[PDB]
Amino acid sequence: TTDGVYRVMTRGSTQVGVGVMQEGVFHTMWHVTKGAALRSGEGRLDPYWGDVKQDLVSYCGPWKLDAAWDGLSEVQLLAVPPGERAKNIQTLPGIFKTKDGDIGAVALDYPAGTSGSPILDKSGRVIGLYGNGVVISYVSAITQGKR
C-alpha cells in the first residue's frame, strides 16, 4: 500500500507491466492486467475503475493522478524494465496531435514489461503512464486519466 512504483508480475514468473501506488490507489494500464485482481503480499487489490479507450485501470479507489505535461519542459520516464533496477530516463516529449487536442508523447522504446511505468515532471508528479503508442520506432503517448 506504500506509495511508489511497482512491478506487475504473473505466474516461473514474468513481469507483464508496472504501476503507481498513490493515495492508496494502484494505477496501471488496462492492457497490462485487463482489470484482473492483483495480489500484494497476503492482501488483494480489487479493480475500481477502468477504460479500454484510455487504456487505464485503477484499484482500490478512483484514479488519483492529475498532473499534466506543461508542453515545454523535459520530463523523466521512471522506467522499471524486467530484471533491472528502476531508472530515470530524461527526454523532451514530442506531441500526438489529435482531433480532440494534443497529447505529449515520448520517443522511448523499452521492453513491453515496462508498460505502466510513470512519466514525471520536474516536481516529481506523475503526468501519465508509458506504454500505449504508435510506430513511426515506437513512440508512447503520455497517458493520463481523470481525477
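Numbers for residues come from their place in the sequence shown, where the first is 1.
Novice: Quick check on the record: how many residues from the deposited sequence are absent from the model between residue 11 and residue 12 (none, 1 to 3, 4 to 9, 10 or more)?
Specialist: 1 to 3 residues lack coordinates between residue 11 and residue 12.
Novice: So, looking at the entry's B-factor column for Cα atoms, which has the higher mean, 96-104 or 29-37?
Specialist: Mean B over CA atoms: larger for 96-104.
Novice: Name the higher of the two by mean Cα B-factor in the PDB entry, 109-117 versus 43-51.
Specialist: For C-alpha atoms only, the mean B-factor is higher in 43-51.
Novice: Among the candidates 19, 24, 133, 128, give the one with the maximum CA B-factor reported in the record.
Specialist: Of 19, 24, 133, 128, 24 has the highest C-alpha B-factor.
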